[PDB]
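Chemist: model this:
(chains A, B and C, ligands or ions: 2)
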Amino acid sequence: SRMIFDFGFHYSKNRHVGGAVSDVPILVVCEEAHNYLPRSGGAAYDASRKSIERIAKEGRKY
Amino acid sequence: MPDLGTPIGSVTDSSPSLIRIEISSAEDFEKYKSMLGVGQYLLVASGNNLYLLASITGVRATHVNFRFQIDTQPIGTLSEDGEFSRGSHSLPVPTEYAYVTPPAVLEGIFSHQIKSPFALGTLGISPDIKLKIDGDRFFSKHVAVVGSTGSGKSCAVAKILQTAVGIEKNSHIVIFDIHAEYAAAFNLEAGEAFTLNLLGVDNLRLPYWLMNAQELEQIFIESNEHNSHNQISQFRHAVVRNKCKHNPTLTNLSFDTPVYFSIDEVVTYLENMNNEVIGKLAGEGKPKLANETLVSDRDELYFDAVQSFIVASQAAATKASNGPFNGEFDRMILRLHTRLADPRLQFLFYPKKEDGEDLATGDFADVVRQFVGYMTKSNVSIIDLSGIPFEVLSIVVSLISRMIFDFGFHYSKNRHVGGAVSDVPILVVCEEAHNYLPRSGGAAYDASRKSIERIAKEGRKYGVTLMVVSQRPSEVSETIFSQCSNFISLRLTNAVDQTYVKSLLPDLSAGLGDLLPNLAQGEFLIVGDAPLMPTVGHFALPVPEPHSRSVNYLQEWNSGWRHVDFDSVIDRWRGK
Amino acid sequence: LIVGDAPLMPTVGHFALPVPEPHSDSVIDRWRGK
Ligand SMILES: Nc1ncnc2c1ncn2[C@@H]1O[C@H](COP(=O)(O)OP(=O)(O)OP(O)(O)=S)[C@@H](O)[C@H]1O
Ligand SMILES: [Mg+2]
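Modeler: Numbers count the residues shown, from 1 in each chain, chains lettered A, B, ... in the order given. Ligands and ions are numbered 1, 2, ... in the order given. And now the structure:
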């Protein structure tokens, strides 16, 4: 996921410099989320619940 | 005072809390169907040469001939002279008539008894009429808004602000954004002569030494582990001892007092302290380096550059023991090297003046100019926060707020010495508050609440007021509302939200809640002290409108398979 | 509204305002911020 987001970022920068909004959208479909995004869980599952979260708050733009 | 007209019907039940009117003619009801609707007002008799105003709360129609029913509640009293008192002092007897409230009477009551006017739209019954409130009561006190999605909150707020800035007295306003929306609502022709300072992630200047204790402790440290004790102590010691060396003149400094203080130097100090090794030989109760040279005052050398010491040993000739704080501080060093390694956050750690040089202790003044601007003219500023990450948002907000409260108090004192009240008002606008002011939230956002709580309590005396906006008021701070003296309610549907907003708000029986979920697009309800009495109102679209350009998806899918030159993107993607 | 043992009976009253009342460019020359 981190790769996707960083790519969208570095691309939005360029097309914004050009003055045009992005043109390459992406939709990430996630299934059986509760197996890899727990609500009450250990730090062992702290590498995912962070990355994906970055998409929720700062996605629409990029 | 004037000829009210022909009545509607008599009374059939009376009390201080409730009143019940009864109509028995359909031709009479259909004629005045538009006024008798909810929210609007009616006149009742309470003896000769008086009248009583009531607010419609509840209608019912039945067919068994027809029978209507209008439930009402009393607000206040009005004479034939024109005076409008408040507070009920009469129960109306039956066989007393009722009449419908014309506009003319409302306009007459509005004009005279209102000290200073501020327009806030037009009533629904008649568009060619302008609703007014007290000029000073409104913008010198704490407003609030709550609206369901699509209810047109942003446009209404933009209209309010435009009027406050004379767009169709010099006033200062800051508007925090999360969607990049309110920027265009102020993009009139340059010749208008009202300053506009647009800010973002590229041009914002905001050093990190302005922080209070909580923010500094929060960015670079996490106190979850067992090593949470010692880190904080020695961190404080280091930051202080480094604060003076670069600012000698001043006196009696403390952790909180703001002045320049580098951070890389603090990292160097912490590291050099990780690896210390002490000597226990005779008259050598102090450290020992690689070149057999003792040390007297730590602060003199530890900062400059890393140093290496001899190895621990137990020989009677070479007696070297390990240091007190060796080993513990290993992680936070890498964590800090990382955070500083971040490019996207460069505006906070490694900022630059216009010329190119780094900041200095004195530029503090200019740091506030951005928020303040020109003095004798309106200077609405529009901060942007989309580009900012999700972890530093609370910090940014707290700092930008405290920096304003301090200025307010300072100018309030500077004018108290003279004896005249300050003529510089400042408004803060907080949008989508439910993200960074959670009521169910814990310490993850502890730094934000307080920076606003102050304005909730003190701000009024000093000269700065708030304006909160949200769309899910249940998951918002209980304290930030209660200090709000006026409420604007647009459309709300979700039930629990109705319950909460009904509770918090006092003069709301069942009907005033039955009115929220059926309001139209552009309408609103007003409840508080700025009006004489509750009211239902209608707005117009603002000019120019906010757009917040966004990426259209389906209209883009129908296009071609555009060659993403991954090569060029990744190439520019240095990240080195 | 008063409640408890002191009054002869629960009751509501109103308070008269107490006179006296309780109240409490180069401008920013405080870089110290204190
Ligand atoms: N008096 C009015 N007459 C006609 N249309 C109106 C009126 N007031 C508002 N609108 C319409 O409301 C529409 C959208 O409102 P928005 O400004 O998108 O609401 P909002 O503030 O974005 O709420 P969100 O989506 O939760 S951020 C606009 O396209 C307007 O045309
Ligand atoms: Mg909006």
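Chemist: secondary structure class for the closest residue to residue A:15 other than its chain neighbours?
Modeler: With sequence-adjacent residues excluded and distances taken as CB to CB, 6 or more residues apart in numbering or on different chains, residue A:15 is closest to residue A:22, at 5.7 Å. The way it works is simple: take the backbone N, C-alpha and C, and place the C-beta from them, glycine included. Of the three states, residue A:22 takes coil under DSSP: H, G, I helix; E, B strand; the rest coil.
Chemist: How about chain A: which residue is closest to ligand 1?
Modeler: Residue nearest to ligand 1 within chain A: residue A:60 (12.1 Å; CB to the nearest ligand atom).
Chemist: That residue contacts residue B:549, doesn't it?
Modeler: No. Between residue A:60 and residue B:549 there is no contact under CB atoms under 8 Å: 11.2 Å.
Chemist: And those two? Which one has more around it.
Modeler: Neighbours per residue, other CB atoms under 10 Å in any protein chain shown: of residue A:60 and residue B:549, the larger number sits with residue A:60, 12 against 8.
Chemist: Excluding sequence neighbours, find me the nearest residue to the more buried one.
Modeler: residue B:550 (6.6 Å).
Chemist: Can you give the distance of whatever helix or strand residue A:4 lives in from its chain's centre?
Modeler: Using DSSP states H and E, residue A:4 sits within helix A:2-18. The chain centroid and the centroid of helix A:2-18 are separated by 12 Å, computed with CA atoms, centre = their mean, to the nearest Å.
Chemist: sorry, back to before: quick check: the residue of chain A closest to ligand 1 vs chain C, distance?
Modeler: 38 Å (CB to the nearest CB, to the nearest Å).
Chemist: how far away is residue A:3 from chain B?
Modeler: 11 Å.
Chemist: Same check on residue A:36?
Modeler: 20 Å.
Chemist: Do I have it right that that residue meets residue A:45?
Modeler: Yes. Between residue A:36 and residue A:45 there is a contact under CB under 8 Å: 6.9 Å.
Chemist: Identify the residue nearest the geometric centre of chain A.
Modeler: residue A:55 (3.3 Å; CA atoms, centre = their mean).
Chemist: Could you list every helix and strand that the helix or strand encompassing that residue packs against?
Modeler: Here residue A:55, judged by DSSP H and E, is contained in helix A:48-57. Contacting helix A:48-57 under the criterion 3 or more CB pairs under 8 Å, 6 or more residues apart in numbering or on different chains; DSSP states H and E are the following elements: helix A:2-18.
Chemist: elements contacting the helix it packs on?
Modeler: If you count contacts as 3+ CB pairs under 8 Å, 6+ apart, helix A:2-18 packs onto helix A:48-57, helix B:566-572.
Chemist: just the angle between that helix and helix A:48-57, please?
Modeler: 30 degrees (axes from the mean of the first three to the mean of the last three CA atoms, to 10 degrees).
Chemist: Now helix A:2-18 - C-alpha only, CSV.
Modeler: In CSV, the C-alpha atoms belonging to helix A:2-18 read as follows (Å, rounded to 0.1, in the frame of the first residue of the first chain):
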residue,chain,number,x,y,z
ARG,A,2,2.8,2.4,0.9
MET,A,3,4.1,2.2,-2.7
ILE,A,4,0.8,3.1,-4.2
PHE,A,5,0.3,6.1,-2.0
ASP,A,6,3.8,7.4,-2.6
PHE,A,7,3.4,7.0,-6.3
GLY,A,8,0.2,8.9,-6.4
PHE,A,9,1.9,11.6,-4.4
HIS,A,10,4.9,12.1,-6.6
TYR,A,11,2.6,12.1,-9.6
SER,A,12,0.1,14.7,-8.2
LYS,A,13,3.1,17.0,-7.7
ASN,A,14,4.0,16.9,-11.3
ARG,A,15,0.6,17.3,-12.8
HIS,A,16,-0.1,20.1,-10.3
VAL,A,17,3.1,21.9,-11.5
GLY,A,18,1.6,21.5,-14.9
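Chemist: and for it, what are the contacting residues?
Modeler: Residues from elsewhere that reach helix A:2-18, judged by CB atoms under 8 Å, 6 or more residues apart in numbering or on different chains: A:21-24, A:26, A:28, A:51, A:54-55, A:59, A:61-62, B:564, B:568-570, B:572-573.
Chemist: Check the offset of stretch A:33-51 from the chain's centre.
Modeler: Per CA atoms, centre = their mean, the centroid offset for stretch A:33-51 relative to its chain is 15 Å.
Chemist: ditto for stretch A:43-55
Modeler: Using CA atoms, centre = their mean, the offset of stretch A:43-55 from its chain centre is 10 Å.
Chemist: and what of stretch A:23-35?
Modeler: Using CA atoms, centre = their mean, the offset of stretch A:23-35 from its chain centre is 9 Å.
Chemist: okay, how far is it across it, tip to tip?
Modeler: Stretch A:23-35 has its terminal residues 33 Å apart, counting by CA to CA, to the nearest Å.
Chemist: re the thing from before, backbone phi and psi for the residue of chain A closest to ligand 1, please?
Modeler: Per-residue torsions, residue A:60: phi -50, psi -40 (degrees, to the nearest 10).
Chemist: Check residue A:36 too.
Modeler: Here is the backbone geometry of residue A:36 (degrees, to the nearest 10): phi -140, psi 40.
Chemist: ok, residue A:45 - contacts?
Modeler: For residue A:45, the contact set (CB under 8 Å, 6+ apart) comprises A:36, A:37, A:38.
Chemist: right, and the last one touches residue A:48 too?
Modeler: No. With contact defined as CB under 8 Å, residue A:38 and residue A:48 do not form a contacting pair (9.2 Å).
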